[PDB]
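> experimental structure and sequence below.
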Amino acid sequence: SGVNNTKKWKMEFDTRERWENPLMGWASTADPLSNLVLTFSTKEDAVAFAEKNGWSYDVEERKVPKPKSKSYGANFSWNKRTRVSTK
Amino acid sequence: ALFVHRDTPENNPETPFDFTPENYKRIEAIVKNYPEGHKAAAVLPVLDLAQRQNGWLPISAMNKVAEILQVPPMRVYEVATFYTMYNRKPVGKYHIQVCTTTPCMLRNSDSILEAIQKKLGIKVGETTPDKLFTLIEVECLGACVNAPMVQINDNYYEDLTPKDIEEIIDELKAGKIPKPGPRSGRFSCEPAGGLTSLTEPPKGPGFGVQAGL
Amino acid sequence: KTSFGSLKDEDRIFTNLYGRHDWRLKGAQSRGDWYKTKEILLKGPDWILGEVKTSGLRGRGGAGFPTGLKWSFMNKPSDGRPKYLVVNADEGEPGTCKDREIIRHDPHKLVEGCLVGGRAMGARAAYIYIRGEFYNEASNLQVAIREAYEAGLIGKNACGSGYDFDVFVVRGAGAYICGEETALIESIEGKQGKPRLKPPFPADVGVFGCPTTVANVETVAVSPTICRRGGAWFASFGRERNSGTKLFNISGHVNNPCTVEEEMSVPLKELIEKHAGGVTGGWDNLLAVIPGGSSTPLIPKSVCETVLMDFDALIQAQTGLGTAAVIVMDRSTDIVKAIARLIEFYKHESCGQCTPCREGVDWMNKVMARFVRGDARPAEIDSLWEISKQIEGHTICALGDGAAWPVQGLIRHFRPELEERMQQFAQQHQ
Ligand SMILES: Cc1cc2nc3c(=O)[nH]c(=O)nc-3n(C[C@H](O)[C@H](O)[C@H](O)COP(=O)(O)O)c2cc1C
Ligand code: SF4
Ligand code: FES
């Protein structure tokens, strides 16, 4: 339920091939950016960093939970379906 | 003592249960005490009625209550396991319930529980092989000034001594149904050795009524 | 006044407390019940709430809220939902058996109280919730209610006032927690007896989600008399803010355990000696008293010498009036075991809904069981004190508080006894 990992903007790159090492079965790669993840305060900072480095990019808008209407009393409604059958 | 059900040949969904036609008439009266649209309020009395007819509640009896009142079986299962008066396994003809909370303990409810076990030969929580008695300890029964006391089925037997509760059990074996109430000499909760109050004849209608009425 | 007690029979309300007169309607009417009830109903809810407020009456169920103000929460315009009075006859507090006598010996006082009380709140019906073990008392009450219906005292045109009122008896199924007011409502609705959080408050969202007031049997049963004899008459008994008479249960180690009606603010020592026949073995054989049922902390003999039995005085003694269930323990009692058995009671009665009481009361029970044997270290006493303070004030309902207070009373007043038992166990097992 924690939301502290949804504060900052992240930049990551497209995933590329990983294959099994013949000797051990370990996961091998030839992608130097496979682990590179950058952190930004705003999408504007992220976009500015991407542009000056020549990277084509996709921006995804921030998803925020919409405000909910919560009422403990609706659990016991006289005539509404919100009446709970157990606690 | 478990709160999970396992099917057995004697307790499973195909165990036979059904309300008698007379008991169905009582259910209507029960269901009509609550507002229309809130029939689930009748689960406790209807479930208790099933136990009064059958002596206890097999899972089939719980399913029937859920079916009649149109509530999920789980909600009936929750009620049956929450309240301690519902017997989810068979009990004996006479369910002996000894109170052992502190006020009764202070007045030697231990000697009562000991006497019953010695007479019946069983331990707490057990049923006799003849299946006439089941013995359990219970919390305060609301008769503390009449301690030590027991409840057998629907009746309170009060102010007990080891002699008193052995006569009560002997009467139950003999088939006689003993009278409930204190066995010490007083009739209810009045102090022993004579009333310290309410000795004068009571005032009649209108006594002390204020002006204006 | 300076001295309270020696209540006279004329001033007793529950005049058939011992069942030595007829409890059925004819007896009740000849004792002054159901008298000028129509006149009271036609004075209106505001007048009734006036007399209850003036009387200084406070809830007799244990919490002791001022009844007049509490009942006035329902005196508001209707919004469409029906309004209900729920009468609490669960009577679960150990040492408390006062409501049992009203139901079976003075049932018509309760029925009239429901009608008069229900009128003040604009209620359409009263649901009397009686604990399932009180089967014979419930049947007595049911017979009394039939008589009132047959006489036209309740139901359509109750007493001829033009007010329609119903009285229903619903039985419990064995659960001390169902005496808590919101857990009582949840039980009537057919769920597990688990208390609700507040808000909403029952006067806004109650039984079936409708405006409701939960009132104790004794509180409701005295309302007809207060309206007849006046609030000024009731307020003339007891100390200020502690008015009226009160039913007392005296059990434990007394010569004559009994239920008696006595003035509020009566000295505790006088009550035990005048009515209960004195402490077994003499007043000097006293060890401790639980003054208001198992939930109230115990007080030792020294405090009992002068403490008065009313709400304010017992709060000064670091306990509470509670239900006025006096449980007496003499010097032969194993005090640690006695309190341990009460924690075992709360462990068996916790509804399990909320963490501090589900886990904490069970935790306190295991510690107390070791304290009885002395199988502990003194550092665990302050641990137990801190555990109890983590339960109190952090639970949904007051059962958690009721489990922590008896523990605190033991530690507060009998810490040396706990330490002696621990010291002795170590020697035998060193
Ligand atoms: C665990 C628990 C058990 C209770 N049992 C009862 C009871 O048996 N009878 C009662 O009147 N109040 C009982 N109460 C108190 C009620 O919640 C409530 O305060 C009372 O019914 C209010 O009525 P009154 O203002 O007339 O006292 C209990 C409270 C708790 C927390
Ligand atoms: S304090 Fe105990 S009885 Fe009260 S709601 Fe929490 S778990 Fe249930
Ligand atoms: S302690 Fe046994 S009836 Fe109350």
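Ah, there it is. Numbers count the residues shown, from 1 in each chain, chains lettered A, B, ... in the order given. Ligands and ions are numbered 1, 2, ... in the order given.
> contacts only, for residue C:328.
Residues in contact with residue C:328 (Cβ atoms under 8 Å, 6 or more residues apart in numbering or on different chains) are B:106, C:250, C:251, C:252, C:253, C:254, C:272, C:276, C:279, C:280, C:286, C:289. C-beta coordinates here come from the backbone N, C-alpha and C atoms, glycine included.
> now, which of these sits nearest residue C:129?
Closest approach to residue C:129 among the contacts of residue C:328 (Cβ to Cβ): residue C:251, at 24.0 Å.
> the closest one contacts residue B:149, doesn't it?
No: using Cβ atoms under 8 Å, residue C:251 is not in contact with residue B:149; the gap is 11.0 Å.
> which strand or helix spans residue A:13?
Under the criterion of DSSP states H and E, residue A:13 resides outside all helices and strands.
> ok, and the closest non-adjacent residue to it?
Spatial nearest neighbour of residue A:13, chain neighbours left out: residue A:33 (4.6 Å); criterion: Cβ to Cβ, 6 or more residues apart in numbering or on different chains.
> could you check stretch C:346-363 against chain A for contacts?
Yes: shown here: stretch C:346-363 in contact with chain A (Cβ under 8 Å from any Cβ of the partner chain) through residue C:353.
> how long is that stretch from one end to the other?
Length of stretch C:346-363, first residue to last, Cα to Cα, to the nearest Å: 11 Å.
> now do stretch C:15-22
Span of stretch C:15-22 from end to end, Cα to Cα: 11 Å.
> cool, stretch C:171-184 as well?
11 Å.
> ok, now stretch B:55-75?
End residues of stretch B:55-75 are separated by 21 Å (Cα to Cα).
> list the buried residues for it?
By neighbour count with 16 or more other Cβ atoms under 10 Å in any protein chain shown, stretch B:55-75 contains the buried residues B:57-66, B:68-69, B:71, B:75.
> out of the residues you listed, which are close to chain C?
Among the buried residues of stretch B:55-75, the residues lying close to chain C (Cβ under 8 Å from any Cβ) are B:71, B:75.
> separation between the residue of chain B found nearest ligand 2 and ligand 3?
Across chain B, the shortest distance to ligand 2 (Cβ to the nearest ligand atom) belongs to residue B:82, at 11.2 Å. Distance of residue B:82 to ligand 3, computed by Cβ to the nearest ligand atom, to the nearest Å: 21 Å.
> report the contact partners of that residue.
Neighbouring residues of residue B:82 by Cβ under 8 Å, 6+ apart: C:175, C:192, C:193, C:351.
> most neighbours out of the residues you listed, which is it?
The residue in those with the most neighbours, by other Cβ atoms under 10 Å in any protein chain shown, is residue C:193 (29 neighbours).
> what residues are up against that one?
Neighbour list for residue C:193: B:82, B:83, C:172, C:175, C:177, C:178, C:180, C:183, C:184, C:186, C:187, C:351 [criterion: Cβ under 8 Å, 6+ apart].
> how about a cut-off of 10 Å?
For residue C:193, the contact set (Cβ atoms under 10 Å, 6 or more residues apart in numbering or on different chains) comprises A:87, B:44, B:79, B:82-83, C:90, C:172-180, C:182-187, C:349, C:351, C:353.
> circling back to that earlier point, now, which of the buried residues of stretch B:55-75 sits nearest residue C:364?
Among the buried residues of stretch B:55-75, residue B:75 lies closest to residue C:364 (Cβ to Cβ), at 31.4 Å.
> can you pull out the strands in the chain?
In the absence of a named chain, chain A is used. Here chain A has its strands, by DSSP state E, at A:9-11, A:18-20, A:27-29, A:38-40.
> nope, chain C
C:84-89, C:125-130, C:166-171, C:212-216, C:245-252, C:258-263, C:266-267, C:286-290, C:299-300, C:308-309, C:325-330.
> same thing with chain B?
Using DSSP E, strands in chain B cover B:94-99, B:133-138, B:150-152, B:155-158, B:181-182.
> do the last one and ligand 3 meet?
What it means is strand B:181-182. No: using Cβ under 6 Å from any ligand atom, strand B:181-182 never reaches ligand 3; the gap is at least 12.5 Å.
> which other helices and strands does that strand contact?
For strand B:181-182, the contact count by 3 or more Cβ pairs under 10 Å, 6 or more residues apart in numbering or on different chains; DSSP states H and E identifies strand B:155-158 as packing neighbours.
> who does the strand it packs on pair up with?
Sheet pairing of strand B:155-158 (DSSP bridges) gives strand B:150-152 (antiparallel), strand B:181-182 (parallel).
> does residue C:180 touch residue C:195 like I think?
Yes: A contact is recorded between residue C:180 and residue C:195 when judged using Cβ atoms under 10 Å, the distance being 5.0 Å.
> can you narrow the buried residues of stretch B:55-75 down to the ones near chain A?
Residues of the buried residues of stretch B:55-75 in contact with chain A (Cβ under 10 Å from any Cβ of the partner chain): B:71, B:75.
> contacting residues for residue C:216?
Residues near residue C:216 by Cβ under 10 Å, 6+ apart: C:59-63, C:67, C:87-91, C:98-99, C:102, C:179, C:181, C:323.
> can you do 6 Å?
Counting by Cβ atoms under 6 Å, 6 or more residues apart in numbering or on different chains, residue C:216 touches C:59, C:60, C:61, C:88.
> for chain A, see how far away it is.
From residue C:216 across to chain A, the span is 22 Å (Cβ to the nearest Cβ, to the nearest Å).
> separation between that residue and residue C:223?
According to Cβ to Cβ, to the nearest Å, residue C:216 and residue C:223 sit 11 Å apart.
> residue C:175 touches residue B:83, doesn't it?
Yes: shown here, residue C:175 and residue B:83 form a contact pair, counting by Cβ atoms under 6 Å, at 5.4 Å.
> the residue sitting furthest away from the middle of chain A - nearest residue in space that isn't next to it in sequence?
Centroid-distance maximum for chain A: residue A:78 at 41.1 Å, with Cα atoms, centre = their mean. Using Cβ to Cβ, 6+ apart and skipping residues adjacent in sequence, the residue nearest residue A:78 is residue C:209, 3.8 Å away.
> contacts only, for the one you found.
Per Cβ under 6 Å, 6+ apart, neighbours of residue C:209: A:76, A:77, A:78.
> in terms of distance to chain A, which of the contacts of residue C:328 ranks first?
Of all the contacts of residue C:328, chain A sits closest to residue C:251, with 34.4 Å by Cβ to the nearest Cβ.
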